[PDB]
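Have a look at the structure below, then the notes.
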């Protein structure tokens, strides 16, 4: 099984066991003119493709790799 970060903050780091078939962790955010969106973390079955040029998406395959 795989375990991924699902949210991270100064109050703590949350992880979750991915269900069968979701064998990737991801981390994503958007950037525009020196502003960043909130970061999103989770499990996924396929690496989501960026919906636009402002999005950065990073996927990986081992426990807690998406921190």
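Counting begins at 1 with the first residue displayed.
For all residues, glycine too, the Cβ spot is worked out from N, Cα and C.
These features come from Swiss-Prot:
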| type | residues | note |
| --- | --- | --- |
| DISULFID | 4-25 | disulfide bond |
| DISULFID | 18-43 | disulfide bond |
| DISULFID | 47-59 | disulfide bond |
| DISULFID | 60-65 | disulfide bond |
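Recorded features from Swiss-Prot, shown on the structure.
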residue : record         : Cβ neighbours (10 Å)
4       : disulfide bond : 25
18      : disulfide bond : 20
25      : disulfide bond : 28
43      : disulfide bond : 21
47      : disulfide bond : 15
59      : disulfide bond : 15
60      : disulfide bond : 16
65      : disulfide bond : 17
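Within 10 Å of residue 18 (disulfide bond), counting CA to CA, the disulfide-bonded residues 4, 25, 65 contribute 4, 25.
Checking each of the disulfide-bonded residues (4, 25, 43, 47) against residue 65 (disulfide bond), the C-alpha distance stays within 10 Å for 4, 25. According to its DSSP assignment, residue 47 (disulfide bond) is coil. Distances between the Cα of residue 59 (disulfide bond) and those of the disulfide-bonded residues 4, 25, 43 are shortest for 25.
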